[PDB]
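Shown next as C-alpha cells: one chain only, the form deposited in one PDB entry.
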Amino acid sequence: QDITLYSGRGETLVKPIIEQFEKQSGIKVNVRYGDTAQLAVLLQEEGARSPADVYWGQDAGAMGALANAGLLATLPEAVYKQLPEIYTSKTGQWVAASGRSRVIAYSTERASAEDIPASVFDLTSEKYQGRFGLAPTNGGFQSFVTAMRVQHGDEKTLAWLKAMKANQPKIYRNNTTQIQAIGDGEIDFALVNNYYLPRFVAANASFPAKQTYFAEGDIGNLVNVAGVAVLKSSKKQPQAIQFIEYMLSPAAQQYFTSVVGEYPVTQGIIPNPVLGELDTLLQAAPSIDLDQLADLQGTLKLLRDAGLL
C-alpha cells in the first residue's frame, strides 16, 4: 500500500519522519514537496481529481483556505478530540503536528524577563525605542499581523504598526539575523518564531538570549502550527489517518521538539529547555481561529500602509 503526501515541510525534516513511518507501517509515502501556500493553490486547482491523500503544511493560513474550500476530510474524533484547542480545527478538518509560536526573545546581557511587558501592544512605549528588531518580510511576522487584525481589527493593528515604526526599530531579513543581532548587541528584543533560538543554544549553550511570553492570552503569544489534514478526495483515508497518528506518537513528537525545536502537541514529551513546558504555552496562547489567517493580502496592504513594506 502507498499514500501520496503534499508536503509544505522541507525534505530534510520530512524524510526521516516518513522513512521511519514506512518502516513501521509498511505503507510507502510518495511525497510532492513544495511551498505550503502554493501546494494549497494546487489542491484547489486539482479539486476532486487530486492524487493527494495527506497535506502537511507549515502555515495555518493556507490550511484555512483549504478548509474554507471544502477540500479537507473530517478527521476521526479519536485523532483530534484529545488535543488542546490551540492545536486542532474545532470541527476536525486538520490537526497540528507541532507548534510554531510567536515569542519575544531578549538579551540576557542587556535585558531581563522583567523588561517584558504585559502585551505586544506595549512595545510602542519609549522604553523600547531603538531596542527591538522587526522582520516585516517574514512569514511568521506576517501571519502574526493577520492574527492581530482578526482579534482587534485594522485600525488598532495599523496604529500599532505605525507606532512600532515610529519607535525606532532595526529592520532584519529574518528571525535568524534578529537573534544574531541580539547576541551582537544591535538590539535587545525581537519578535520571532519560537524554533530559531533553540538552534543557537544547540550550537552554543551559553548564547546570550532567552525567549518568553507576554501575559496570558496576548496576541503576541500566537501559536501557529504545522498542520496536517486528509483530502476529502482520498480513497485511502485509513492509511492517511495512520500517518497522522504516527506523527502524533511520542517518538515523532519528541523528535519535533528536540530536533526541530517546535512545540509538541501532546503531553508526555521531554521539553526543549529553551521552550519550557507545554502547559505554559497553553496558558500563554491567545484564542484565535487559525483558519482566519488566510487573508494574507489584507495584511500586506496594512504593512504597506504603515511603511513597513
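From 1 onward, residues are counted along the sequence shown.
Here the subject shifts to the form solved in complex with a small molecule, a form of this protein not shown in this document.
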item	value
Contact residue in the deposited complex, chosen from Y196, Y128, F207, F144 - any heavy atom within 4.5 Å of the small molecule	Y196
The single option of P84, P76, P238, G139 touching the small molecule in the deposited complex, heavy atom within 4.5 Å	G139
Candidate stretches 211 to 219, 146 to 154, 187 to 195, 228 to 236, one within 4.5 Å of the small molecule in the deposited complex by heavy atom	187 to 195
Contact label in the deposited complex: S107 to the small molecule, heavy atom within 4.5 Å	no
Contact test in the deposited complex: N175 vs the small molecule, heavy atoms, 4.5 Å	yes
